[PDB]
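Everything below concerns the one structure shown next.
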Amino acid sequence: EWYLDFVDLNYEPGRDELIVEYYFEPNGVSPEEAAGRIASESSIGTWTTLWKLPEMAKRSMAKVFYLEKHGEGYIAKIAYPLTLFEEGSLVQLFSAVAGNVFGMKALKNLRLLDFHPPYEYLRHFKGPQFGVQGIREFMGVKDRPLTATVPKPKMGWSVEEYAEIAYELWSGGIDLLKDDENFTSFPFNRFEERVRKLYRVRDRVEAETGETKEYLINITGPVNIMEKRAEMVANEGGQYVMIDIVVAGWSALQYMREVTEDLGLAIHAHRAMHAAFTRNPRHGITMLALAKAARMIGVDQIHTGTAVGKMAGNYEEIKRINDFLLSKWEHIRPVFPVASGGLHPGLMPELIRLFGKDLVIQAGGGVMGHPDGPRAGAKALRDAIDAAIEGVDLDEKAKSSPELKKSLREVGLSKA
Amino acid sequence: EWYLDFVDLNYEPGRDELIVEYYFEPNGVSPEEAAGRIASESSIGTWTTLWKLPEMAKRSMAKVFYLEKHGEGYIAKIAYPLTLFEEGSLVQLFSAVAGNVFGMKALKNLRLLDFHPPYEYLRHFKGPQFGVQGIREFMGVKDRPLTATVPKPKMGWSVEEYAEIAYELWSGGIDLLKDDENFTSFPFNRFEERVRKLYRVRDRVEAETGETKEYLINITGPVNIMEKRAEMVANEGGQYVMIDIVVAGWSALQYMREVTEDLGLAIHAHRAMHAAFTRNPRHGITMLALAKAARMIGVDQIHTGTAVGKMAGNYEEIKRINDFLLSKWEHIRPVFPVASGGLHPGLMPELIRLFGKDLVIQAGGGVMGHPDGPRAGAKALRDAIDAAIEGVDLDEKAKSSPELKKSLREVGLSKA
Amino acid sequence: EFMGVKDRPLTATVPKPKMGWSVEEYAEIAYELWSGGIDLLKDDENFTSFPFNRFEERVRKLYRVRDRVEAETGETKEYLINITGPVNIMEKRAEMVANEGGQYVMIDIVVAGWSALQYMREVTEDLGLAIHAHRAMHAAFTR
Amino acid sequence: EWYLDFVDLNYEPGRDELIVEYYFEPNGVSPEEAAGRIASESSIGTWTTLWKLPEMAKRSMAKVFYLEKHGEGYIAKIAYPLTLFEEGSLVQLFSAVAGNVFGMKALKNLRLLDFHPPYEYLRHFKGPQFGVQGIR
């Protein structure tokens, strides 16, 4: 019942234990009794008094085994014995470590920084199912990064209107059609009538080109539907499906891992809604924490960020989160980072050079925005990237790629 | 493509439109071009240039029709035409209004304050399914508030250990056994073996007492399981099921509405994880926003807060959020607020007097904490409440209720 | 009839070491083995399903490697894969091996148990699956 | 590939490991190279030579960490790292520890004596369902 028992700065935690690192600021408590309480809460809570103490209560405790001070507050690292989790249910994990823990009156601020799972906890998660690898195999791109475009405007397109601009985009060299996070199903573009259409356009284009083309379609919605729509996307044959992991919810992603197990569907995530906590640096959940829970259940792409005036994104953090996603990790296969952030033909070389050929560059803007129309906007971006990778001067590339020249030349006429 | 078209402070929005009120602080933009962008983002995003504009793009726009300044920033109120939602999928609603909207570089802070749904959007939501009403009918309590206890410690109890203390708690007068937000299923207390047990204990106690007793059991976990466990709780007969709405996820709650439709299961929500955004007053999502999305899909109880030194909770906000939950609202039946916050026999009268007999008072502590053991702790709390309601002086009540006296007398020996 | 060998004996290899290979690592050495002239990939009696080589992800892979190799060679190639485990799973995994097309499935008859083999006869009836047995555990009495 | 690497009488095995105690009689091998082989067999078998060694092969090893002599033979106790089992499938467990292990030519006799499962292996088993209790 003593938040202090929950701390011991000396303790050494074993291979088979769960560690969560926290950022906090007490608020009328010793930095010890704050960090005590974070592990009271996240595990057997309190009480040591009246009724028969539960056997295994005693072994179910959490323990602060490091609390140094950092910035205007401190970092604790609390280690957790696995009798506290239900292995497999990452959703249950969070109830203890992302719960009431953020409400507790004794803290001014509390942020979840990162967490590491003992094999024994993580060998129960399938990891991505395609990873950078699988994805890579199937579309057919061994080296460059993957290119993908959400079309502007972002809604109200009809089933028809949608095919057309899809067709254009795939046609100049885009890899991935991306729907917009918001865009699911509407009277004028119903899901079912949509799938039926695009897929056929999709193939006609493989046929037309020689290259592969996929559509990160947006199955977000109550699980039932998300399932029902996945079974259709599987039907006309897509090896992909876009899901708003933050929106959509946890329990619900899980389930969907399994479903994509089943149909052989590559998940793409879209953090649209994360900004509600992954932002404030004193409180919340680090975009990394989350890029992890979720690489573990198994998403095969996630939006992280960029290298562009538009997303002036902490390149230290952006490269942390990235490098993780891409890193080995036992059995869990590597994820693709998704470069979202108003990018365009000219930012290619620096983007790359700063984040590896292993990216899904997403640049809706720089492409719909081409002066010559979306389809030369995709030739652009394509060339802008072939030439980056092969070393070649963007100004040289331009000398053979006219939609590249005019895109370069044009993005010139916009900044003064 | 002009964040300004997205504003018009003059506009008047019709019955059949969707209004979201925001709190924000620009960050290198006019308070107009900030609030322009919040409705660029939350609806057809940008662009008015190259390819065929989508018909209905034009009618799918959002519009700031009020932006006064408030505190160190401003309040916009953006109104939304329904061609933008997929009616029914509240989860899709949030992708537009709780999305990327919190990430946009031009704001320092952005908070979702409240939202109102035109009949036409809300007539597609079932509301609670039991509401204060149904719940009230079934347990059998027409007047007092409902009492419920999570047992301390909060984990590692065995299937057995659990029955016993359950038995005790129901036995002094508790209405609701509550599991702990964290507590699902574990080697030593597996779900299935748990349900089987408690229910029988539950009834034995109805039999023993004359009163009703239920168990807000905790079906949180991936949807599949949450479903599978709901079907069992339905099986041995419970009209209740506890779910961590914030954890668990949105899409996933939805689905579960429907499932509880089916089995005739009353949902109880537990915001454990909300503190990640519902806290910071400049950024996030107001506990009210959320108490709404979720009364609408239909939870029949939610944790809000209190009137006690322990949760020194903005009584203006706590009473907002409450009063809402309890308020008429067409077709949506009223929700019960859940009073969580280390409360105990002596805070009863003031608690009440400040929040109506219509509460589910949750006080795990004040009850397990009784000096005489948990079961007289429930007599306490019971009496503490009968006497509050009937006017009677707590010191008078004590004169006939010994476990009340000794609890009053004892909570005396703790504050100096 | 099916593998295609009317006269010689059938050749088959369990790879050393016998565990901890990944879904990947496994394809590669499979590929090699089929490639010099092996008929049968054999799993090891112990080798079923593990975090780093899960069954389902395994089947999907190898089979494709299997065929690529038929294509590459001109000869047939099969994989005495190891569906041992509680019946339910053994069934569920047989239905997949059937799925990507294998006419074989390795089972530890002594381990696995009797009642359980039986049932599986019938299941392989059904999918058209050739059983291979592995007496690993018999030495407890047959000695 | 050295049955000897599979032994170390000094080693100390952790909470999260699996121990099987054996009774045996070698038969043309040191009581060490007999008990080496019992853990070669029951885990990554053999070979350290030609093709790419599998990553986790190395961590999937078993290890004799006690072999005293007992009766006309000896008792080894081999401890096993869980990357070798498929948790839940006790049937798979036995293929490694009750397998070919009883056939190996280098032993005259081999008996499985007892085994202890680390929580982490046993928390995946439901135990009886009624026990003396329920029945009762």
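As shown in the structure tokens, the chain order sets the letters A, B, ...; within each chain, residues go from 1, and ligands are also counted from 1 in the order they appear.
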
Next item on the list: Identify all residues of chain D in strand (DSSP E or B) (DSSP on the backbone) and supply them as a VMD selection string.
Entry: chain D and resid 7 17 to 26 63 to 70 73 to 81 107 to 116

Requested write-out: N, CA, C and O atoms of the selected residues, as a compact mmCIF listing (two decimals), in the first residue's frame:
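Dumped everything to part-v7.txt:
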```
# COMPACT_ATOMS: atom_id res chain seq x y z
N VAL D 7 27.40 -29.95 -23.17
CA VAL D 7 27.59 -30.13 -21.72
C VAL D 7 28.42 -29.00 -21.19
O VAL D 7 29.33 -28.46 -21.91
N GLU D 17 13.44 -21.65 -18.14
CA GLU D 17 13.99 -22.79 -18.79
C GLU D 17 13.54 -24.04 -18.13
O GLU D 17 13.28 -24.19 -16.88
N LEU D 18 13.52 -24.94 -19.11
CA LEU D 18 13.03 -26.29 -19.15
C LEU D 18 13.97 -27.33 -18.85
O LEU D 18 14.81 -27.59 -19.72
N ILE D 19 13.76 -27.96 -17.68
CA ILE D 19 14.57 -29.10 -17.27
C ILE D 19 14.01 -30.55 -17.08
O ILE D 19 13.10 -30.87 -16.38
N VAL D 20 14.66 -31.40 -17.80
CA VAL D 20 14.34 -32.76 -17.94
C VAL D 20 15.40 -33.55 -17.18
O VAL D 20 16.48 -33.22 -17.53
N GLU D 21 15.19 -34.56 -16.28
CA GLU D 21 16.29 -35.29 -15.62
C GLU D 21 16.22 -36.62 -16.21
O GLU D 21 15.21 -37.16 -16.35
N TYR D 22 17.35 -37.12 -16.62
CA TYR D 22 17.52 -38.47 -17.23
C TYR D 22 18.29 -39.57 -16.50
O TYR D 22 19.14 -39.34 -15.72
N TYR D 23 18.00 -40.81 -16.80
CA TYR D 23 18.74 -41.89 -16.20
C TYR D 23 19.28 -42.58 -17.41
O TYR D 23 18.53 -42.79 -18.39
N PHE D 24 20.58 -42.85 -17.35
CA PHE D 24 21.25 -43.56 -18.42
C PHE D 24 22.53 -44.37 -18.14
O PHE D 24 23.08 -44.29 -17.04
N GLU D 25 23.00 -45.12 -19.16
CA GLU D 25 24.16 -46.04 -19.15
C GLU D 25 24.75 -45.91 -20.46
O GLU D 25 24.11 -46.26 -21.44
N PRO D 26 25.93 -45.38 -20.54
CA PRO D 26 26.55 -45.24 -21.85
C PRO D 26 26.93 -46.56 -22.39
O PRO D 26 26.83 -47.66 -21.78
N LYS D 63 21.52 -28.11 -22.86
CA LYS D 63 22.81 -28.15 -22.10
C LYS D 63 22.81 -29.00 -20.77
O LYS D 63 21.99 -28.69 -19.81
N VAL D 64 23.70 -30.04 -20.68
CA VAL D 64 23.76 -30.95 -19.52
C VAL D 64 24.29 -30.16 -18.35
O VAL D 64 25.40 -29.79 -18.35
N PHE D 65 23.56 -29.83 -17.34
CA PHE D 65 24.27 -29.02 -16.40
C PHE D 65 24.38 -29.70 -15.17
O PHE D 65 24.26 -29.07 -14.16
N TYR D 66 24.59 -31.00 -15.17
CA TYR D 66 24.68 -31.79 -13.91
C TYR D 66 24.66 -33.13 -14.55
O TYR D 66 23.94 -33.27 -15.57
N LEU D 67 25.44 -34.09 -14.01
CA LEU D 67 25.57 -35.46 -14.52
C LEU D 67 26.19 -35.95 -13.28
O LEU D 67 27.30 -35.64 -13.21
N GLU D 68 25.56 -36.46 -12.22
CA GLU D 68 26.45 -37.06 -11.21
C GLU D 68 26.29 -38.57 -11.56
O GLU D 68 25.61 -38.87 -12.51
N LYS D 69 26.93 -39.52 -10.88
CA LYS D 69 26.78 -40.93 -11.23
C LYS D 69 25.72 -41.46 -10.25
O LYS D 69 25.59 -40.99 -9.19
N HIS D 70 24.92 -42.43 -10.59
CA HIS D 70 23.89 -42.87 -9.65
C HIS D 70 23.64 -44.31 -10.05
O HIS D 70 23.44 -44.59 -11.29
N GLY D 73 24.77 -46.40 -13.38
CA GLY D 73 24.86 -45.60 -14.58
C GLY D 73 24.88 -44.26 -13.89
O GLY D 73 25.46 -44.14 -12.79
N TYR D 74 24.20 -43.28 -14.50
CA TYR D 74 24.14 -41.87 -14.06
C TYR D 74 22.86 -41.18 -14.34
O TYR D 74 22.16 -41.52 -15.26
N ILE D 75 22.71 -40.05 -13.70
CA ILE D 75 21.57 -39.20 -13.81
C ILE D 75 21.98 -37.95 -14.57
O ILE D 75 22.81 -37.34 -14.00
N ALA D 76 21.61 -37.57 -15.81
CA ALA D 76 22.03 -36.19 -16.19
C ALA D 76 20.81 -35.25 -15.82
O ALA D 76 19.85 -35.70 -15.21
N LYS D 77 20.86 -33.95 -16.05
CA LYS D 77 19.65 -33.10 -15.82
C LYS D 77 20.04 -32.22 -17.01
O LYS D 77 21.19 -31.81 -17.05
N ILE D 78 19.22 -32.04 -18.06
CA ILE D 78 19.72 -31.26 -19.19
C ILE D 78 18.83 -30.08 -19.06
O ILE D 78 17.65 -30.38 -18.72
N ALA D 79 19.30 -28.80 -19.17
CA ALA D 79 18.26 -27.68 -19.13
C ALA D 79 18.06 -27.21 -20.67
O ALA D 79 19.01 -27.49 -21.52
N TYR D 80 16.76 -26.81 -21.06
CA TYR D 80 16.21 -26.40 -22.46
C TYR D 80 15.55 -25.03 -22.40
O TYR D 80 14.64 -24.84 -21.58
N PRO D 81 16.01 -24.08 -23.26
CA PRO D 81 15.71 -22.69 -23.54
C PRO D 81 14.31 -22.84 -24.34
O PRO D 81 14.24 -23.67 -25.39
N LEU D 107 23.75 -45.40 -26.05
CA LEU D 107 23.29 -45.68 -24.71
C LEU D 107 22.80 -47.13 -24.71
O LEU D 107 22.41 -47.75 -25.68
N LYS D 108 22.88 -47.71 -23.56
CA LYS D 108 22.55 -49.12 -23.30
C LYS D 108 21.15 -48.91 -22.78
O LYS D 108 20.23 -49.53 -23.13
N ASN D 109 20.99 -48.02 -21.87
CA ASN D 109 19.65 -47.81 -21.36
C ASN D 109 19.38 -46.20 -21.25
O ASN D 109 20.40 -45.48 -21.30
N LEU D 110 18.12 -45.64 -21.19
CA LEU D 110 17.88 -44.17 -21.11
C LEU D 110 16.56 -44.04 -20.50
O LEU D 110 15.64 -44.52 -21.05
N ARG D 111 16.38 -43.41 -19.39
CA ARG D 111 14.99 -43.42 -18.88
C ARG D 111 14.54 -41.98 -18.69
O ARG D 111 15.39 -41.22 -18.27
N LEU D 112 13.27 -41.53 -18.96
CA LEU D 112 12.94 -40.09 -18.71
C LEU D 112 12.47 -40.02 -17.29
O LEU D 112 11.44 -40.58 -16.94
N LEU D 113 13.18 -39.28 -16.47
CA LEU D 113 12.77 -39.34 -15.13
C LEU D 113 11.67 -38.39 -14.63
O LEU D 113 10.68 -38.83 -13.96
N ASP D 114 11.80 -37.11 -14.92
CA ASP D 114 10.82 -36.11 -14.41
C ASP D 114 11.21 -34.98 -15.36
O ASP D 114 12.14 -35.19 -16.21
N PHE D 115 10.44 -33.86 -15.32
CA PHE D 115 10.70 -32.65 -16.11
C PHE D 115 9.98 -31.57 -15.32
O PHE D 115 8.96 -31.85 -14.60
N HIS D 116 10.67 -30.39 -15.30
CA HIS D 116 10.01 -29.07 -14.89
C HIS D 116 10.04 -27.91 -15.92
O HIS D 116 11.12 -27.44 -16.52
```

Using only C-alpha atoms, select each residue of chain A with any atom at most 12 Å away from an atom of chain D, and give the selection as a tab-separated table (two decimals) with N, CA, C and O atoms, in the first residue's frame.
```tsv
chain	number	residue	atom	x	y	z
A	14	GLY	N	15.28	-9.27	-15.23
A	14	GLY	CA	15.54	-10.46	-15.99
A	14	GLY	C	14.95	-10.48	-17.33
A	14	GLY	O	13.92	-9.96	-17.59
A	15	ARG	N	15.62	-11.20	-18.20
A	15	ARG	CA	15.27	-11.47	-19.61
A	15	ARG	C	13.72	-11.57	-19.96
A	15	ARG	O	13.30	-11.20	-21.08
A	16	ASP	N	12.97	-12.14	-19.00
A	16	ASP	CA	11.57	-12.49	-18.97
A	16	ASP	C	10.71	-11.47	-18.29
A	16	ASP	O	9.72	-11.72	-17.52
A	17	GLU	N	11.12	-10.26	-18.57
A	17	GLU	CA	10.40	-9.16	-18.04
A	17	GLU	C	10.44	-8.00	-18.97
A	17	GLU	O	11.40	-7.70	-19.76
A	59	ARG	N	3.52	-11.79	-6.57
A	59	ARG	CA	4.42	-11.90	-7.75
A	59	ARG	C	4.06	-10.99	-9.03
A	59	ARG	O	4.90	-10.60	-9.88
A	81	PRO	N	6.81	-8.20	-14.58
A	81	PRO	CA	6.87	-9.63	-14.45
A	81	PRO	C	5.62	-10.08	-15.37
A	81	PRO	O	4.41	-9.53	-15.14
A	82	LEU	N	5.78	-10.99	-16.38
A	82	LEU	CA	4.60	-11.35	-17.15
A	82	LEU	C	3.29	-11.98	-16.48
A	82	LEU	O	2.70	-12.72	-17.11
A	83	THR	N	2.78	-11.71	-15.29
A	83	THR	CA	1.61	-12.43	-14.69
A	83	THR	C	0.39	-11.40	-14.60
A	83	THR	O	-0.80	-11.34	-13.82
A	85	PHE	N	0.16	-9.91	-17.65
A	85	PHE	CA	-0.41	-9.52	-18.93
A	85	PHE	C	-1.22	-10.61	-19.30
A	85	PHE	O	-1.28	-11.44	-18.44
A	86	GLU	N	-1.85	-10.64	-20.49
A	86	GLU	CA	-2.58	-11.83	-20.93
A	86	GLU	C	-1.79	-11.79	-22.09
A	86	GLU	O	-1.89	-10.72	-22.66
A	87	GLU	N	-0.97	-12.86	-22.40
A	87	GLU	CA	0.13	-12.69	-23.54
A	87	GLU	C	-0.62	-12.57	-24.78
A	87	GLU	O	-1.84	-12.63	-24.66
A	88	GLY	N	-0.03	-12.34	-25.94
A	88	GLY	CA	-1.04	-12.10	-27.02
A	88	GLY	C	-2.01	-10.82	-27.07
A	88	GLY	O	-1.96	-10.17	-28.14
A	118	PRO	N	9.88	-9.11	-23.29
A	118	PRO	CA	10.75	-10.29	-23.12
A	118	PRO	C	10.55	-11.41	-24.27
A	118	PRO	O	9.41	-11.81	-24.37
A	119	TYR	N	11.45	-12.02	-25.10
A	119	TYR	CA	10.81	-13.06	-26.05
A	119	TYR	C	9.43	-13.49	-25.58
A	119	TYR	O	8.33	-13.01	-26.06
A	120	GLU	N	9.47	-14.39	-24.62
A	120	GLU	CA	8.22	-14.82	-24.01
A	120	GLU	C	6.92	-14.00	-24.07
A	120	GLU	O	5.91	-14.62	-23.67
A	121	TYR	N	6.94	-12.69	-24.41
A	121	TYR	CA	5.74	-11.91	-24.53
A	121	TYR	C	5.38	-11.59	-26.07
A	121	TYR	O	4.12	-11.70	-26.56
A	123	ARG	N	6.98	-13.43	-28.37
A	123	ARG	CA	6.87	-14.54	-29.38
A	123	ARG	C	5.36	-14.88	-29.67
A	123	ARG	O	4.96	-15.89	-30.24
A	124	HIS	N	4.50	-14.06	-29.17
A	124	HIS	CA	3.13	-14.30	-29.35
A	124	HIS	C	2.60	-13.29	-30.17
A	124	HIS	O	1.58	-12.95	-29.90
A	330	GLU	N	14.00	-10.17	-33.97
A	330	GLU	CA	13.65	-11.59	-33.82
A	330	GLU	C	13.01	-12.00	-35.12
A	330	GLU	O	13.54	-11.64	-36.34
A	331	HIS	N	11.77	-12.52	-34.71
A	331	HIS	CA	10.70	-13.01	-35.55
A	331	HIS	C	9.95	-12.04	-36.23
A	331	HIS	O	9.74	-12.43	-37.38
```

At most 12 Å to chain A: residues in chain C, only C-alpha atoms, as a CSV table (one decimal) with N, CA, C and O atoms, in the first residue's frame:
```
chain,number,residue,atom,x,y,z
C,20,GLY,N,15.3,-24.2,-34.9
C,20,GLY,CA,15.6,-22.8,-35.1
C,20,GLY,C,15.8,-22.1,-36.5
C,20,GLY,O,16.2,-20.9,-36.7
C,21,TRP,N,15.6,-22.9,-37.6
C,21,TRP,CA,15.6,-22.2,-38.9
C,21,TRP,C,14.4,-21.3,-39.0
C,21,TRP,O,13.4,-21.4,-38.3
C,22,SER,N,14.6,-20.2,-39.8
C,22,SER,CA,13.5,-19.3,-40.0
C,22,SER,C,12.8,-19.7,-41.3
C,22,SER,O,13.3,-20.6,-42.2
C,23,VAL,N,11.7,-19.0,-41.5
C,23,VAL,CA,10.8,-19.3,-42.6
C,23,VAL,C,11.6,-19.1,-43.8
C,23,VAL,O,11.6,-19.8,-44.7
C,24,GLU,N,12.5,-18.1,-43.7
C,24,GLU,CA,13.3,-17.8,-44.8
C,24,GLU,C,14.4,-18.9,-45.0
C,24,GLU,O,14.4,-19.8,-45.9
C,49,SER,N,6.0,-26.0,-35.6
C,49,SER,CA,5.8,-24.5,-35.6
C,49,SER,C,6.3,-23.6,-34.4
C,49,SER,O,5.9,-23.8,-33.3
C,50,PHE,N,7.1,-22.5,-34.7
C,50,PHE,CA,7.8,-21.7,-33.7
C,50,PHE,C,7.7,-20.2,-33.9
C,50,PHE,O,7.7,-19.7,-35.0
C,51,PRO,N,7.6,-19.3,-32.9
C,51,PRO,CA,7.7,-18.0,-33.4
C,51,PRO,C,8.4,-17.6,-34.7
C,51,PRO,O,7.8,-16.9,-35.6
C,52,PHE,N,9.6,-17.9,-35.0
C,52,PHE,CA,10.4,-17.5,-36.2
C,52,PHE,C,10.3,-18.2,-37.7
C,52,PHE,O,10.8,-17.7,-38.7
C,53,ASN,N,9.5,-19.2,-37.6
C,53,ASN,CA,9.0,-20.2,-38.5
C,53,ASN,C,7.7,-20.7,-37.9
C,53,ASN,O,7.6,-21.6,-37.0
C,54,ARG,N,6.6,-20.1,-38.3
C,54,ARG,CA,5.3,-20.4,-37.9
C,54,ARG,C,4.8,-21.3,-39.1
C,54,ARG,O,5.3,-21.3,-40.3
C,55,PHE,N,3.9,-22.3,-38.9
C,55,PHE,CA,3.5,-23.2,-39.8
C,55,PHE,C,2.9,-22.6,-41.1
C,55,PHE,O,3.5,-22.8,-42.1
C,56,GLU,N,1.8,-21.9,-40.9
C,56,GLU,CA,1.1,-21.3,-41.9
C,56,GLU,C,2.1,-20.5,-42.8
C,56,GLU,O,2.4,-21.0,-43.9
C,57,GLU,N,2.9,-19.5,-42.3
C,57,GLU,CA,3.9,-18.7,-43.2
C,57,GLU,C,4.8,-19.7,-43.8
C,57,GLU,O,5.4,-19.4,-44.8
C,58,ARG,N,5.0,-20.8,-43.2
C,58,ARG,CA,6.0,-21.8,-43.8
C,58,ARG,C,5.6,-22.4,-45.0
C,58,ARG,O,6.5,-22.6,-45.9
C,60,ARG,N,3.2,-21.7,-47.1
C,60,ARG,CA,3.1,-20.7,-48.2
C,60,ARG,C,4.3,-20.5,-49.0
C,60,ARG,O,4.1,-20.2,-50.2
C,61,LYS,N,5.4,-20.6,-48.3
C,61,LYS,CA,6.8,-20.3,-48.9
C,61,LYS,C,7.3,-21.5,-49.7
C,61,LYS,O,7.6,-21.4,-50.9
C,96,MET,N,-4.0,-27.3,-44.9
C,96,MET,CA,-3.3,-26.3,-45.7
C,96,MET,C,-2.4,-26.7,-46.6
C,96,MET,O,-2.1,-26.0,-47.6
```

Margin query: Only residues of chain C matter here; which ones have an atom within 9 Å of chain D, counting only C-alpha atoms? Give them as a PyMOL selection string.
Written below: chain C and resi 16-22+25-26+29+45-52+84-86+108+110-113+135-140+143

Dump of N, CA and C atoms for the selected residues, as a compact mmCIF listing (two decimals), in the first residue's frame:
```
# COMPACT_ATOMS: atom_id res chain seq x y z
N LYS C 16 20.61 -30.28 -41.22
CA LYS C 16 21.19 -30.23 -39.91
C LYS C 16 21.62 -28.77 -39.98
N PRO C 17 21.44 -27.87 -38.87
CA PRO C 17 20.82 -28.32 -37.60
C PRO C 17 19.35 -28.62 -37.71
N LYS C 18 18.82 -29.27 -36.68
CA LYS C 18 17.47 -29.61 -36.78
C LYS C 18 16.50 -28.57 -36.17
N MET C 19 16.87 -27.34 -35.80
CA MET C 19 15.75 -26.42 -35.40
C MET C 19 16.14 -25.07 -35.52
N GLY C 20 15.28 -24.20 -34.93
CA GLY C 20 15.58 -22.77 -35.10
C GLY C 20 15.80 -22.09 -36.54
N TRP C 21 15.64 -22.85 -37.63
CA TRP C 21 15.65 -22.22 -38.94
C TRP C 21 14.42 -21.25 -39.01
N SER C 22 14.56 -20.23 -39.85
CA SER C 22 13.51 -19.26 -40.01
C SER C 22 12.84 -19.69 -41.32
N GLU C 25 15.41 -18.86 -44.14
CA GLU C 25 16.58 -19.70 -44.06
C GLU C 25 16.25 -21.05 -44.59
N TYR C 26 15.00 -21.49 -44.17
CA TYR C 26 14.43 -22.76 -44.53
C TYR C 26 14.25 -22.83 -46.02
N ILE C 29 17.81 -23.52 -48.29
CA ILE C 29 18.50 -24.74 -48.12
C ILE C 29 17.58 -25.72 -48.61
N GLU C 45 11.36 -34.58 -37.16
CA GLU C 45 10.49 -34.94 -36.11
C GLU C 45 10.01 -33.98 -34.92
N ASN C 46 10.73 -32.87 -34.74
CA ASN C 46 10.69 -31.99 -33.54
C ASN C 46 10.16 -30.62 -33.82
N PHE C 47 10.49 -30.38 -35.10
CA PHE C 47 10.22 -29.22 -35.92
C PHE C 47 8.74 -29.11 -36.40
N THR C 48 7.90 -28.26 -35.82
CA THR C 48 6.49 -28.15 -36.21
C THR C 48 6.22 -26.73 -36.65
N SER C 49 5.96 -25.97 -35.56
CA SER C 49 5.76 -24.53 -35.61
C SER C 49 6.31 -23.57 -34.40
N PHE C 50 7.14 -22.52 -34.69
CA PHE C 50 7.75 -21.68 -33.72
C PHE C 50 7.72 -20.16 -33.91
N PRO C 51 7.61 -19.33 -32.90
CA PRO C 51 7.69 -17.99 -33.36
C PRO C 51 8.38 -17.57 -34.72
N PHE C 52 9.64 -17.92 -34.96
CA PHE C 52 10.43 -17.53 -36.21
C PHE C 52 10.33 -18.17 -37.66
N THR C 84 2.67 -32.64 -36.85
CA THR C 84 2.41 -33.23 -35.54
C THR C 84 1.93 -32.18 -34.64
N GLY C 85 1.11 -32.48 -33.68
CA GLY C 85 0.58 -31.49 -32.74
C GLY C 85 -0.83 -31.99 -32.35
N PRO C 86 -1.58 -31.40 -31.38
CA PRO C 86 -2.98 -31.83 -30.97
C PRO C 86 -3.84 -32.08 -32.32
N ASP C 108 4.13 -37.86 -36.22
CA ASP C 108 4.91 -38.74 -35.27
C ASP C 108 4.01 -39.65 -34.71
N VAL C 110 4.25 -42.19 -32.98
CA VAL C 110 4.24 -42.70 -31.57
C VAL C 110 3.86 -41.81 -30.39
N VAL C 111 4.19 -40.54 -30.69
CA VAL C 111 4.04 -39.25 -29.98
C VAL C 111 2.57 -38.78 -29.79
N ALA C 112 2.17 -38.47 -31.03
CA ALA C 112 0.91 -38.07 -31.64
C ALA C 112 -0.17 -38.98 -31.04
N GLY C 113 0.00 -40.31 -31.17
CA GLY C 113 -0.94 -41.15 -30.35
C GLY C 113 -1.78 -42.05 -31.20
N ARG C 135 8.63 -42.68 -36.01
CA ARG C 135 8.57 -43.52 -34.78
C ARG C 135 9.29 -42.86 -33.62
N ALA C 136 9.88 -41.70 -33.93
CA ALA C 136 10.42 -41.01 -32.82
C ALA C 136 9.23 -41.22 -31.71
N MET C 137 9.79 -41.82 -30.61
CA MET C 137 9.33 -42.19 -29.25
C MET C 137 9.24 -43.67 -28.98
N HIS C 138 9.48 -44.51 -30.02
CA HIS C 138 9.24 -46.00 -29.92
C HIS C 138 10.22 -46.80 -29.18
N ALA C 139 11.42 -46.25 -29.26
CA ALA C 139 12.57 -46.74 -28.55
C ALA C 139 12.14 -46.98 -26.98
N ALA C 140 10.95 -46.55 -26.54
CA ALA C 140 10.60 -46.68 -25.14
C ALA C 140 10.14 -48.07 -24.77
N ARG C 143 12.45 -51.65 -27.93
CA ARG C 143 13.93 -51.97 -27.76
C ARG C 143 14.31 -53.26 -26.93
```

Margin query: Just checking: using only C-alpha atoms, which residue out of A:381, A:276, A:263, A:34 ends up closest to chain B?
Written below: A:276

Notebook entry, point to check: Near residue 123 of chain C, counting only C-alpha atoms, which residues have an atom at most 9 Å away, once you skip same-chain residues fewer than 4 positions from it, shown as JSON, numbers by chain?
Noted result: {"C": [91, 94, 95, 118, 119, 127, 128, 129]}

May I have the residues from that selection written out with C-alpha atoms, as a short mmCIF file (atom, residue, chain, number, x, y, z; two decimals), in the first residue's frame?
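Generated output (selection39.cif):
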```
data_model
loop_
_atom_site.label_atom_id
_atom_site.label_comp_id
_atom_site.auth_asym_id
_atom_site.auth_seq_id
_atom_site.Cartn_x
_atom_site.Cartn_y
_atom_site.Cartn_z
CA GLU C 91 -6.09 -31.37 -39.15
CA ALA C 94 -3.23 -30.86 -43.20
CA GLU C 95 -5.97 -28.88 -44.78
CA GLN C 118 -6.68 -43.02 -37.08
CA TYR C 119 -8.62 -40.00 -37.46
CA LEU C 127 -7.41 -34.34 -49.01
CA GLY C 128 -5.39 -36.93 -50.87
CA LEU C 129 -2.47 -36.68 -48.64
#
```
